[PDB]
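Single-structure report; data block below.
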Amino acid sequence: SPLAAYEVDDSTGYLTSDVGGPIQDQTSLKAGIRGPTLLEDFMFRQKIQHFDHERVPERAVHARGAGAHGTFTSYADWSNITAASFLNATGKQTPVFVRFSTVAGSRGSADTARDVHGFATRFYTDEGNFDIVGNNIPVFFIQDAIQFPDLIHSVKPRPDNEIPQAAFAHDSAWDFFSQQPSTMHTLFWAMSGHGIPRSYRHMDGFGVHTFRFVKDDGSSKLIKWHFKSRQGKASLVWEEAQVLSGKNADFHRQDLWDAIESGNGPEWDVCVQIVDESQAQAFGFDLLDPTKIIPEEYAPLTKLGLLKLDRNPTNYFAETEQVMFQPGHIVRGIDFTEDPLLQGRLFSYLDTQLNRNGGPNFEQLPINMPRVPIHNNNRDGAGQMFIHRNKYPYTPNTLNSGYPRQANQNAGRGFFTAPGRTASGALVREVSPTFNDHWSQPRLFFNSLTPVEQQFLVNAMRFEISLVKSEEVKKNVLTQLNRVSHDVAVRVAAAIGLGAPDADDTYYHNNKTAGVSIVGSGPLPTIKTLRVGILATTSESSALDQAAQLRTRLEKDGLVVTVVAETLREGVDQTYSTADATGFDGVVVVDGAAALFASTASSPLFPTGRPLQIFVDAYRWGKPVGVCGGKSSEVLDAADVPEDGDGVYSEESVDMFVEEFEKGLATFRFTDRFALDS
Amino acid sequence: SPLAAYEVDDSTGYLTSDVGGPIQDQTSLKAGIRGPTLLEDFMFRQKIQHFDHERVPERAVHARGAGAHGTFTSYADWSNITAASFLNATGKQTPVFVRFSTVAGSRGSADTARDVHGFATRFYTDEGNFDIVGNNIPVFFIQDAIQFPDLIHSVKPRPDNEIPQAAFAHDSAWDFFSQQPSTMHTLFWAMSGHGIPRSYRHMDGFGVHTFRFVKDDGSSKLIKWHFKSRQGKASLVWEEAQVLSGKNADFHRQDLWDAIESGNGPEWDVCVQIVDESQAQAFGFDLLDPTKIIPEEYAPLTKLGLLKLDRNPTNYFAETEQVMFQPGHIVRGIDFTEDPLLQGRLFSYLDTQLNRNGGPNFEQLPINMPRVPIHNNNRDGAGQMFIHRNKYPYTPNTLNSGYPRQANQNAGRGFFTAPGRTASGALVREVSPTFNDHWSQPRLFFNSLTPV
Amino acid sequence: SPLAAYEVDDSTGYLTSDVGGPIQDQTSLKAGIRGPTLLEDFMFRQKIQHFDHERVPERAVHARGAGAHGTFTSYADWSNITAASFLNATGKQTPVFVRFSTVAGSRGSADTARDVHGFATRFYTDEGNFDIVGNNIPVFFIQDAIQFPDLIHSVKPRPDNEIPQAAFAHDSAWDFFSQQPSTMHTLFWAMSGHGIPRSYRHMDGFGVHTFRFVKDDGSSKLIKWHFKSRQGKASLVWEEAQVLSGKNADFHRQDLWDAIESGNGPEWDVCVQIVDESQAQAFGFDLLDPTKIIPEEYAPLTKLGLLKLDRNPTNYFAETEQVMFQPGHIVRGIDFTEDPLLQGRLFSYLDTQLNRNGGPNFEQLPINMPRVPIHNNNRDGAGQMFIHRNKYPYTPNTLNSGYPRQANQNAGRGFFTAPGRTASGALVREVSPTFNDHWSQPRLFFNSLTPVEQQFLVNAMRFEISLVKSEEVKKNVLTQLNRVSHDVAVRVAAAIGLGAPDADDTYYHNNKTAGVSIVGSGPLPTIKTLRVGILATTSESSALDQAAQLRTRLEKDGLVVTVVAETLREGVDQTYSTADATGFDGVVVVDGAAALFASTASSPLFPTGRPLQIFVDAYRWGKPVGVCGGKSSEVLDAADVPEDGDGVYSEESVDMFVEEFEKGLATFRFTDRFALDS
Ligand code: HEM
Ligand code: HEM
Ligand code: HEM
Ligand SMILES: [Ca+2]
Ligand SMILES: [Ca+2]
Ligand SMILES: [Ca+2]
Ligand SMILES: [Ca+2]
Ligand SMILES: [Ca+2]
Ligand SMILES: [Ca+2]
Ligand SMILES: [Ca+2]
Ligand SMILES: [Ca+2]
């Protein structure tokens, strides 16, 4: 590890300059005690120059994100399908670093914005660094990389005033979507719960593009990468996500960090779909088109190995901010395809690192270094950290005995382009007509959602599109939505007071696919790390005792428990003033606290009606909620919460309450609380 | 627009490269209709290279902010207290640009966080650009610029995990405040409604530091700048600010934008407290200490002129993101004081623009340019736009007839340091004992608030 | 070995990317064998991106230079005059790196231009890096750092056409000198032999400024740094320097490299003049004025230790090009003075490294690292290598238990400003009248040169000034020269078509000072590394035999021998076609080769007259020359060289030839061959 060698320990010692001279740094050098500061104060200038130059350009996209270290372990020797060394043996472990992100917001923007999300994984393999630079949605908005600035300019804030930070809440974004129909598949995903995942740990990762697996014999197959969450899939509800974006802008980065610090590091099965070269157009669409998925019914997933994140960074800036991913970081055994979105990406990520790093030696940053020797004739450049011994860095040479040697298919384990690949035809700036069906798969995705999930998507569209000022853009939007689903266009049109255009059934169908729905993916497989808010009072010794009782039990089941009361003390984590339902996955009121709720209700220590509002919000947003200890009635009545409601608990027995409530936490959302269009 | 000369119109025309060759930009050049992309596709590369390099480093502090253009109008001829040209005639008008901001959060952090706020004003005067780089709170946390990184590291997110955004909600910030008691006065202000103003239009601007006004005869007085809102002061309530941060992270920038578009451009009376040099220690504290206000009961405000913001930018990046303020942008008639916070600032803002701009010619960006001619011997550097005719850029010269000439108090309307300033004593890294009362003024402030 | 941890070996292995993936780099990936190159060719792009970004800005001055590693060893414990740790014990060793340079030319300009030269030394001390950033001339052109760009613009090429390279050969430089008379002292130095040293090893190093030595008790003394060459002082003659600029632009860098490779690493005694603070104005000038020396007659040198350079770099770019010196790299025991030239330097060198390195972490380059631990709260910035474990990098803190601790005079061996220093008075942009005598010291320096040396300086002035177009500028130059010396003005004026102004005796005097003359500094103390060219012929096996004999005699004494003949073979190093007298410190003809020695001598293998012209040029340029074997007349008469001349040798006996000739090498130059004005 190059990271270990560069760890700097400041737990002891006297302050020094960056050249080891002991110094101070608290008072400027001045000509007399009330005098002007001196130019000769080097202590001052070196410290302030450093401060003045701390910042580097944020990423052009995916600026907001967070990372962690961990380990990938192969489940088998996969030699039969790829020459990739990291996959060549059962149990082979390779270090990883992952960064997760949103796409459109700047650094500092909230984690819980509605957006596409990044899931970028570096495997520090024994034959070079291999990056899979993925998203949590398996399809992308556009079909050619040259369009990327168009898409991004359209979704980022309007450039006269840099308003708004909400990617989908403005005219220009919808102008682009409605004029560029390829966008429809990703737009439907982004309008689903996949736009507001519950956490990084509760989403999947996709390579998006078709890639190749290449064997040592030169043969190739076509693959899609799928990183399948072992935590289960889960989303926020929209109103919850909007509150969260104010109450805790760092919600996802904090959820990740805390899960790793508690020993609950997240896991994914790294999987592929594998198909033959001859099936490039067999599935009703072109595998070069990054706006299409291969339905799992046509190509099942094969599990290749386990990805686990189990260590946090030491210095966020040095590790997370400076990690520089590239789809060009490929290894023997993997190759590209002619997907025009992937093709252009290869150029963009090598170039943009010059912008961020300010010089060409970015791969020498510890987080970017490989874990094998580097042998090449790259030299000089700003920020050169190596002292190269070889004074004849050219090929061919005799003066260094012909080293470094060329690597290729038959030497040195070289990378090699899949040798079956060809190209033929004119040199064209033309779109393949095989790419032209922009609507069937959006409809496939929509069909595969549950009824209340369909409602949530329609409601997201109603919310966002109602913020578009231009009537002409809104009509254009309905034109495209209607090519996917007339019912979607009708329902969305109703909220914005326009008429939907008449049904156009060209692309309509009733087909469905497995594995895309959040609401239909079933209870979570684990409730470890999920958050329980226990609403108590310092008024009643019995209330605090009840909360402590609940705590001990819930904690041994891996839940993160917060006891809330008017003021802090022994056993109480959070005041009502700072508490919010967005902080919890379930809320329990201890019945000793009934007085705070069954009330209007007033104190200089928190806002009027806060305790009840926490419970009310939690219910409205679908969470398991309950009252533990004796007389539920009054709290549930004060909240207008029905005691017979699914995911509403009322028990005197602490043990029965915990059992029932824990089943609620796995269910995670009670969707019968949300109204549906008739 | 005052930057009309630099505008580029794209309401008509065919797409071109940056060198005027008509091109397309929607499909990559490929070897066959389902083929790989070609390296010879210059259309693709020049567009993507530009996109790849769009971003520049955010400001080290005050990263989150918004700006507008306007006009300053002097109420009087202020010659009898300052030689400043922009203040030398009743009704004299000078263009301005102002940027408002928070302090701690990054780009895209919400407007309605609890924080200190910036209020930075550029006057494009007929004798040079003059910047007053102020905040909405009249006192600062610390008493020496060398401590700035300490303060800022402590309020910014913890550096292992970059949590939390939200300057005051974590241990390190309160560790620093409690170890560095100078911070109490600004801390009390930030914990008041001044930490969550209703808009940029409903807050005041303060230079914080004592500065000097200098007359053409060389006499000086000590001043504090106060920009007093004509919209009134108003705050959010905290609960509301928290919900707004989520519902509308752009709330202050939109409020300002909208007010200008509707013809309600915000206004401030630009004022000063003026006191004699003999009064530097007369008010029971030291006027060099930036943690203290001069109570208005001791020195009333004089209104100098009107600041009105009435024109939004054309391109946010080019104007607002790229504007580069400096307290060293000073003009004849103003001078510095030995406030050790101010003193170090003068170094920081000139250096940090190298970081943002990536080269030394940042004064050439349209928003940074002055509105009068430039005559000097600065040359070259990355990004040099100017084509200088003078092929002898050194002084003293005879081969360019001794031009440019030196400007000073007696010739050429030069800047000059206030000639009554002196220094005396040991060269010390010592804090004046006159700085040591960290608590009385925070109590003055608290006492001055209503009960609620 | 001092930077061994950063070394990269490429003597074995297969080529890899920068992230360790084995690759090739000799053929682009193409769509067919005669097809266009593919964007997906990451091998191509990463290699070419690196190439495209290899260059960094050259230094703003001193762009042309060369460097080496070495060791400093202290002669004593100097705690009686300084707290500095590297000087605190007899025998104490500290690693060093030195870079030597010219000043005006760009990084590809010739070594042997007439110029001021740099001598910058880094001591990697056990209390931090300490740099002495000196020159080979003890005084500077200007008295205030603010004037630096005026000076440098005036000497660098005219900015319309970037002509001429060659600092003194144009109007603007002499315009500046004549308008800014402070320049006279350094000008007279640069017009002497000190402007064209024979090698970096044959020049001294000076700090120029008065600095302070500060004891641990707080008391201070004023010092000047003098690095006195143990190789002796030596110059080129001007015509020779001009020829060398064309025949070997790398002459000084090669001389240094070679001396080190041969185990003849150059040495200096590091010395100071030490005077009391009360003697700031006692010597008839102000010690804050960098245009003045303290004559050695008023303040003798104290030898502090030995500097020896003995290891060449491994990678020039990484070590020599990237070394970033600063006078701000100061250590406890040393302080600044209020010299206004020094004061502003402190700002310049910290700022300019942002330009060169392109980011703030330049102290992390291996050559710039200290050799002790770094403990501070500087963070982030582009190119940040360090992974800092202290997540509370602010002072004051409790969450990192108050570390790093402040260092100062009384704790932690902090740097401290000399506590006796004060300032008093108005804040002014005024020059001290104590700086106003710009002419007395130039006259002192001129008076201390020998007659022939004064002639050489006049002749350099005549050469350069005659290239100034402007008759006004020429007139103004003679006004200033005449204030130093009427006779200089007269003699210069005679070459350039003008009358000198009448004598103005205000600053005239006859005082002299020791240690500044080159011609007067006596024979060299060592002749090891000096170059002897033996001119032979392949047309007589006897001539080669003589050459071989002489070679062994000369090599025994550490001279570097080149045997020249018409064509190469074993024992012959160089052809006449490539050889030139600039290549040698002495020239010997073996008498077996006498037939070659005619201006008549014609051949397709070398220019007509070449063998003889080497001998004639050597003679004209002052060098020891002779004929070995017993028959000298034919060669000597062809050369018009008299047999009884001083530094002309003729002997049959090889031993007796060599004994005589080695005395001539030590004398080095026979100045009786140069005409004097009468
Ligand atoms: C399938 C389509 C894509 C996926 C899945 C994807 C994914 C991502 C991810 C996850 C990141 C963030 C990596 C990190 O965490 O540091 C990112 C950054 C970026 N992407 Fe993409 N991307 C796609 C398409 C594009 C295209 C078409 C372009 C350009 C033509 C592009 C240009 C960029 C740039 C310039 C960055 C910033 C990289 C950096 O500064 O390190 N991407 N992408
Ligand atoms: C009286 C105390 C201070 C006030 C009122 C103040 C005000 C501000 C304001 C308003 C801005 C943003 C300007 C804009 O909108 O672009 C800012 C930026 C900045 N300030 Fe200060 N500041 C203070 C003290 C300090 C100190 C002590 C330092 C450093 C020693 C410092 C360094 C900076 C830097 C580096 C920036 C970013 C500038 C840029 O990138 O253009 N400030 N300051
Ligand atoms: C006593 C007067 C001076 C001496 C002896 C001197 C010496 C030198 C030396 C030897 C170097 C080259 C160091 C190396 O080899 O890398 C150099 C570089 C330089 N000097 Fe000076 N210098 C003097 C005055 C000035 C002044 C007054 C300034 C500016 C105000 C200045 C600015 C620079 C700059 C900008 C560089 C390039 C540094 C780099 O890129 O690392 N120097 N100086
Ligand atoms: Ca818009
Ligand atoms: Ca959902
Ligand atoms: Ca290949
Ligand atoms: Ca903290
Ligand atoms: Ca308020
Ligand atoms: Ca010239
Ligand atoms: Ca000489
Ligand atoms: Ca740069």
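Chain labels follow the order of the structure tokens: the first chain is A, the next B, and so on; residue numbering restarts at 1 in every chain, and ligands are counted from 1 in their shown order.
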Would you name the residues within 6 Å of ligand 2, counting only C-alpha atoms and all ligand atoms, and put them as a list in words?
residues 52 of chain A; 59, 60, 61, 62, 99, 100, 118, 119, 120, 133, 134, 135, 140, 145, 148, 207, 208, 209, 324, 325, 341, 344, 345, 348, 349, 352 and 353 of chain B
Based on the backbone DSSP call, show me all residues of region 119-304 of chain A assigned helix (DSSP H, G or I), as a compact mmCIF listing (two decimals) with N, CA, C and O atoms, in the first residue's frame.
```txt
# COMPACT_ATOMS: atom_id res chain seq x y z
N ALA A 145 -21.49 10.06 -26.71
CA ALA A 145 -20.78 10.84 -25.75
C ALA A 145 -20.67 12.31 -26.15
O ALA A 145 -20.55 13.15 -25.26
N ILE A 146 -20.75 12.63 -27.44
CA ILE A 146 -20.58 14.01 -27.83
C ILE A 146 -21.74 14.90 -27.34
O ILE A 146 -21.60 16.11 -27.30
N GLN A 147 -22.84 14.24 -26.96
CA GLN A 147 -24.00 14.95 -26.41
C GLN A 147 -23.88 15.27 -24.94
O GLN A 147 -24.82 15.92 -24.38
N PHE A 148 -22.86 14.76 -24.27
CA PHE A 148 -22.85 14.89 -22.83
C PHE A 148 -22.91 16.35 -22.34
O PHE A 148 -23.70 16.66 -21.42
N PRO A 149 -22.20 17.23 -22.97
CA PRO A 149 -22.32 18.60 -22.48
C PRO A 149 -23.72 19.19 -22.65
O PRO A 149 -24.10 20.17 -21.97
N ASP A 150 -24.43 18.73 -23.67
CA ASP A 150 -25.77 19.24 -23.90
C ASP A 150 -26.65 18.82 -22.77
O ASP A 150 -27.37 19.60 -22.19
N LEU A 151 -26.62 17.50 -22.48
CA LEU A 151 -27.40 16.97 -21.37
C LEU A 151 -27.07 17.68 -20.07
O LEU A 151 -27.96 18.18 -19.34
N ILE A 152 -25.78 17.78 -19.79
CA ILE A 152 -25.39 18.36 -18.49
C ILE A 152 -25.67 19.88 -18.37
O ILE A 152 -26.13 20.36 -17.34
N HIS A 153 -25.41 20.63 -19.43
CA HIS A 153 -25.76 22.03 -19.42
C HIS A 153 -27.28 22.16 -19.15
O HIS A 153 -27.69 23.05 -18.35
N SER A 154 -28.07 21.30 -19.83
CA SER A 154 -29.55 21.40 -19.65
C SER A 154 -30.03 21.10 -18.23
O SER A 154 -31.05 21.68 -17.79
N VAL A 155 -29.38 20.18 -17.50
CA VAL A 155 -29.87 19.80 -16.17
C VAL A 155 -29.23 20.67 -15.07
O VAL A 155 -29.86 20.96 -14.01
N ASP A 171 -37.09 24.54 -16.55
CA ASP A 171 -37.48 24.41 -17.97
C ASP A 171 -36.42 23.71 -18.85
O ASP A 171 -36.72 22.93 -19.75
N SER A 172 -35.16 24.09 -18.67
CA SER A 172 -34.13 23.72 -19.65
C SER A 172 -34.00 22.18 -19.64
O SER A 172 -33.76 21.57 -20.65
N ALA A 173 -34.05 21.54 -18.46
CA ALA A 173 -33.91 20.12 -18.35
C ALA A 173 -35.01 19.41 -19.17
O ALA A 173 -34.76 18.48 -19.99
N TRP A 174 -36.26 19.89 -18.94
CA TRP A 174 -37.41 19.30 -19.64
C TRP A 174 -37.45 19.64 -21.10
O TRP A 174 -37.97 18.84 -21.86
N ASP A 175 -36.88 20.77 -21.50
CA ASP A 175 -36.73 21.16 -22.91
C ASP A 175 -35.86 20.06 -23.55
O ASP A 175 -36.22 19.40 -24.55
N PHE A 176 -34.74 19.79 -22.94
CA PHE A 176 -33.81 18.79 -23.49
C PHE A 176 -34.51 17.42 -23.52
O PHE A 176 -34.42 16.72 -24.53
N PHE A 177 -35.14 17.00 -22.42
CA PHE A 177 -35.71 15.66 -22.43
C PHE A 177 -36.76 15.49 -23.53
O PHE A 177 -36.86 14.42 -24.19
N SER A 178 -37.54 16.55 -23.73
CA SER A 178 -38.64 16.48 -24.67
C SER A 178 -38.12 16.60 -26.07
O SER A 178 -38.86 16.17 -27.01
N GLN A 179 -36.93 17.20 -26.31
CA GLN A 179 -36.41 17.28 -27.66
C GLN A 179 -35.48 16.11 -27.99
O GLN A 179 -35.15 15.87 -29.14
N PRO A 181 -35.54 12.29 -27.25
CA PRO A 181 -36.35 11.24 -26.67
C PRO A 181 -35.58 10.05 -26.09
O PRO A 181 -36.14 9.27 -25.30
N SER A 182 -34.30 9.87 -26.47
CA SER A 182 -33.47 8.85 -25.81
C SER A 182 -33.51 8.90 -24.34
O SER A 182 -33.30 7.87 -23.64
N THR A 183 -33.68 10.11 -23.83
CA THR A 183 -33.72 10.44 -22.39
C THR A 183 -34.83 9.72 -21.61
O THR A 183 -34.74 9.64 -20.40
N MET A 184 -35.85 9.18 -22.29
CA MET A 184 -37.00 8.73 -21.57
C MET A 184 -36.71 7.60 -20.65
O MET A 184 -37.26 7.55 -19.56
N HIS A 185 -35.84 6.63 -21.03
CA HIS A 185 -35.67 5.52 -20.11
C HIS A 185 -35.04 5.99 -18.79
O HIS A 185 -35.57 5.70 -17.68
N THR A 186 -33.89 6.64 -18.82
CA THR A 186 -33.27 7.13 -17.60
C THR A 186 -34.21 8.09 -16.84
O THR A 186 -34.21 8.07 -15.59
N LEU A 187 -34.94 8.92 -17.55
CA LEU A 187 -35.88 9.85 -16.87
C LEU A 187 -36.90 9.09 -16.02
O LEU A 187 -37.10 9.43 -14.84
N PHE A 188 -37.48 8.00 -16.55
CA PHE A 188 -38.40 7.17 -15.76
C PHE A 188 -37.74 6.56 -14.54
O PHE A 188 -38.27 6.61 -13.42
N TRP A 189 -36.51 6.08 -14.71
CA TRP A 189 -35.76 5.58 -13.54
C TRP A 189 -35.55 6.69 -12.52
O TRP A 189 -35.67 6.42 -11.31
N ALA A 190 -35.17 7.88 -12.97
CA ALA A 190 -34.85 8.98 -12.06
C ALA A 190 -36.13 9.50 -11.34
O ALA A 190 -36.06 9.98 -10.19
N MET A 191 -37.26 9.34 -12.00
CA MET A 191 -38.55 9.71 -11.43
C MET A 191 -39.14 8.68 -10.49
O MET A 191 -40.13 8.99 -9.76
N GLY A 193 -38.32 5.67 -7.33
CA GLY A 193 -37.61 5.69 -6.08
C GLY A 193 -36.06 5.56 -6.28
O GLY A 193 -35.25 5.85 -5.34
N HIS A 194 -35.64 5.09 -7.44
CA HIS A 194 -34.21 5.00 -7.78
C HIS A 194 -33.53 6.39 -7.82
O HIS A 194 -32.32 6.52 -7.67
N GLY A 195 -34.32 7.44 -7.98
CA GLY A 195 -33.84 8.80 -7.85
C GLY A 195 -33.57 9.28 -6.47
O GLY A 195 -32.87 10.31 -6.31
N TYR A 200 -26.63 4.85 -0.05
CA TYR A 200 -25.73 4.19 -0.99
C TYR A 200 -25.73 2.68 -0.87
O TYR A 200 -25.45 1.99 -1.83
N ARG A 201 -25.97 2.18 0.36
CA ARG A 201 -25.92 0.78 0.65
C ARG A 201 -27.18 0.04 0.16
O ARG A 201 -27.15 -1.18 0.02
N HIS A 202 -28.24 0.80 -0.10
CA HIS A 202 -29.53 0.28 -0.53
C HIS A 202 -29.79 0.51 -1.97
O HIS A 202 -30.95 0.55 -2.41
N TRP A 238 -40.56 11.26 -1.44
CA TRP A 238 -40.11 12.55 -1.91
C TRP A 238 -40.17 13.63 -0.86
O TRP A 238 -39.20 14.37 -0.65
N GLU A 239 -41.32 13.76 -0.20
CA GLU A 239 -41.37 14.83 0.82
C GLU A 239 -40.28 14.63 1.90
O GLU A 239 -39.69 15.58 2.41
N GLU A 240 -40.04 13.39 2.30
CA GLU A 240 -38.99 13.06 3.21
C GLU A 240 -37.61 13.50 2.68
O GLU A 240 -36.81 14.14 3.40
N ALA A 241 -37.32 13.17 1.42
CA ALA A 241 -36.07 13.56 0.80
C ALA A 241 -35.87 15.10 0.79
O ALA A 241 -34.80 15.59 1.05
N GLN A 242 -36.94 15.86 0.54
CA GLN A 242 -36.86 17.32 0.55
C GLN A 242 -36.57 17.87 1.96
O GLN A 242 -35.73 18.71 2.13
N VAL A 243 -37.20 17.29 2.96
CA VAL A 243 -36.91 17.72 4.34
C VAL A 243 -35.48 17.35 4.70
O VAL A 243 -34.75 18.15 5.31
N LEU A 244 -35.09 16.10 4.42
CA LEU A 244 -33.75 15.69 4.63
C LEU A 244 -32.67 16.54 4.03
O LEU A 244 -31.63 16.76 4.63
N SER A 245 -32.90 17.03 2.81
CA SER A 245 -31.96 17.88 2.10
C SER A 245 -31.65 19.18 2.85
O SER A 245 -30.58 19.75 2.65
N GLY A 246 -32.60 19.61 3.70
CA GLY A 246 -32.38 20.72 4.67
C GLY A 246 -31.87 20.32 6.05
O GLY A 246 -31.03 21.04 6.56
N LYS A 247 -32.39 19.28 6.66
CA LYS A 247 -32.06 18.85 8.04
C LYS A 247 -30.68 18.14 8.08
O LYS A 247 -30.00 18.15 9.10
N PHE A 251 -26.71 13.23 4.62
CA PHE A 251 -27.32 12.02 5.06
C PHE A 251 -26.71 10.75 4.50
O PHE A 251 -26.41 9.80 5.23
N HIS A 252 -26.40 10.72 3.20
CA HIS A 252 -25.87 9.46 2.61
C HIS A 252 -24.43 9.21 3.02
O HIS A 252 -24.03 8.07 3.35
N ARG A 253 -23.61 10.24 3.00
CA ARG A 253 -22.21 10.10 3.40
C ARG A 253 -22.13 9.70 4.87
O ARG A 253 -21.27 8.86 5.25
N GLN A 254 -23.04 10.25 5.67
CA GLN A 254 -23.06 9.88 7.13
C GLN A 254 -23.52 8.46 7.38
O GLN A 254 -22.98 7.81 8.24
N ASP A 255 -24.51 8.00 6.62
CA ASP A 255 -25.10 6.62 6.71
C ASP A 255 -23.96 5.62 6.38
O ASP A 255 -23.78 4.62 7.06
N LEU A 256 -23.20 5.94 5.34
CA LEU A 256 -22.10 5.06 4.91
C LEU A 256 -20.97 4.99 5.96
O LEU A 256 -20.46 3.90 6.34
N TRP A 257 -20.52 6.17 6.36
CA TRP A 257 -19.47 6.28 7.32
C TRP A 257 -19.81 5.51 8.58
O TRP A 257 -19.02 4.68 9.08
N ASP A 258 -20.99 5.80 9.11
CA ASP A 258 -21.44 5.14 10.37
C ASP A 258 -21.57 3.62 10.22
O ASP A 258 -21.19 2.85 11.14
N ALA A 259 -22.09 3.16 9.09
CA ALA A 259 -22.23 1.69 8.88
C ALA A 259 -20.87 1.03 8.93
O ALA A 259 -20.72 -0.06 9.55
N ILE A 260 -19.83 1.66 8.33
CA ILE A 260 -18.51 1.10 8.35
C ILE A 260 -17.91 1.17 9.77
O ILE A 260 -17.34 0.20 10.20
N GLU A 261 -18.13 2.28 10.49
CA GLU A 261 -17.53 2.43 11.82
C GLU A 261 -18.15 1.40 12.77
O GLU A 261 -17.50 1.04 13.73
N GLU A 277 -21.38 -12.87 -28.74
CA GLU A 277 -21.27 -11.83 -29.72
C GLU A 277 -22.41 -11.84 -30.72
O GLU A 277 -22.88 -10.79 -31.20
N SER A 278 -22.84 -13.04 -31.08
CA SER A 278 -23.90 -13.16 -32.05
C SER A 278 -25.26 -12.67 -31.57
O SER A 278 -26.18 -12.55 -32.42
N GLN A 279 -25.39 -12.33 -30.30
CA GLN A 279 -26.66 -11.89 -29.75
C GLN A 279 -26.70 -10.36 -29.56
O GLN A 279 -27.52 -9.90 -28.78
```
Contact residues (chain C, partner chain B, 6 Å, only C-alpha atoms) as a compact mmCIF listing (two decimals) with C-alpha atoms, in the first residue's frame:
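Full text of out39.txt as output:
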```
# COMPACT_ATOMS: atom_id res chain seq x y z
CA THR C 37 -6.53 5.62 -35.35
CA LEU C 38 -9.14 4.83 -32.66
CA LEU C 39 -10.17 7.08 -29.83
CA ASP C 150 13.14 46.66 -14.22
CA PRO C 159 10.37 42.21 -26.04
CA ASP C 160 9.19 43.00 -29.60
CA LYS C 391 -8.45 15.26 11.86
CA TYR C 394 -6.35 23.88 14.03
CA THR C 395 -4.70 25.67 16.88
CA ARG C 421 15.75 44.03 16.31
CA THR C 422 13.61 47.15 16.23
CA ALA C 423 12.01 49.60 13.81
CA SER C 424 11.40 53.27 14.25
CA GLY C 425 10.04 56.10 12.16
CA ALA C 426 7.54 56.97 9.52
CA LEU C 427 6.15 54.33 7.12
```
Give me, as a compact mmCIF listing (two decimals) with N, CA, C and O atoms, in the first residue's frame, the set of residues whose atoms come within 7 Å of any atom of ligand 6, counting only C-alpha atoms and all ligand atoms.
```
# COMPACT_ATOMS: atom_id res chain seq x y z
N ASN A 408 1.82 -7.78 -24.83
CA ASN A 408 0.78 -7.97 -25.84
C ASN A 408 0.15 -9.35 -25.54
O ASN A 408 0.38 -9.90 -24.50
N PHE A 415 -2.29 -6.20 -22.08
CA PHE A 415 -3.63 -5.94 -22.63
C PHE A 415 -3.62 -6.20 -24.13
O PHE A 415 -2.62 -5.97 -24.83
N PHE A 416 -4.72 -6.71 -24.63
CA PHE A 416 -4.90 -6.78 -26.08
C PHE A 416 -6.37 -6.57 -26.46
O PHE A 416 -7.24 -7.03 -25.74
N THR A 417 -6.59 -5.80 -27.55
CA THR A 417 -7.91 -5.62 -28.11
C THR A 417 -8.47 -6.97 -28.56
O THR A 417 -7.69 -7.83 -29.08
N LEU C 29 -3.59 1.77 -32.38
CA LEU C 29 -4.76 0.94 -32.70
C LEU C 29 -5.60 1.55 -33.77
O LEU C 29 -5.99 2.71 -33.67
```
